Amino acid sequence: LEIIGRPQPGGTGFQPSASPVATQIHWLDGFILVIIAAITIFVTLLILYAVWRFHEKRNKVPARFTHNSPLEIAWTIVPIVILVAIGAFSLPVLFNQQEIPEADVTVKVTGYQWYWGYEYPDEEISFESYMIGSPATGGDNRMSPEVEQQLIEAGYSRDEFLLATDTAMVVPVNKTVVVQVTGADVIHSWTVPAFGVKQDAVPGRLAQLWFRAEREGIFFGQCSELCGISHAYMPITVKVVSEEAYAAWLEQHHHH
């Protein structure tokens, strides 16, 4: 499988999109970015022009005006228009994001100090997922020859250190996955940038997110609510695979 959802050296953009929601986020952010870069370039060019044009060496006697009603009306209404425009494209995206559709696959995720537990209630599968290199796998949260070996053995390389876990959440491509997220001890946060999802894992609450992955591959997230000493060291690996490869993985877990 291809490693797709990961940061890349020197990156300045988003992680690759692998869901329709991630795609929406990229577009909305791209649209807002154009607008806000235009606003700040505008503001910056005004300041630099005014400093050049009205420098004391070039404009020796200052004006005294403190009003310009047509300008103050224009500069109050135009921001309002800009915001309403953003709001118009942004609220649909938010609605699509937060309205949970019918699940093809249901995973219940629990955050612990410091690892994730997955359960597939339809399949009676559960397992825990630890960082390769955590104490669970024999390490102490740093790179070493042993940790690199384990990364290799698991199908990764030393570059995926801090991202790769011993076990992955596996799901089928082009299916609606609904994830129910909670915390066991403190608040954690479960996320996958390539899917455009993030939901806090709060003790005593069960919250939901959805994604539908549009291509196969490996996708990484990292715990996104400070939860103590190994906050930096409890990531998320999602493998998106074919329907048959998914069933194959299910059967491997079946107790006869």
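All residue numbers are counted from 1 along the displayed sequence.
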item	value
Greater mean Cα temperature factor according to the PDB record, 99 to 107 or 113 to 121	99 to 107
147 to 155 versus 73 to 81 - which carries the larger mean C-alpha B factor in the record	73 to 81
Residue selected from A164, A184, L91, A136 by maximal Cα B factor	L91
Most elevated Cα B-factor in the entry, residues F220, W190, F65, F195	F65
Third of chain Cα B-factors occupied by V179	middle
Ranked C-alpha temperature factor of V173 among modelled chain residues, by third	middle
Cα B factor band for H231 (lowest, middle or highest third within the chain)	lowest
Within-chain third of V43 by Cα B-factor, per the entry	highest
Chain third (lowest, middle, highest) by recorded CA B-factor, residue given as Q199	lowest
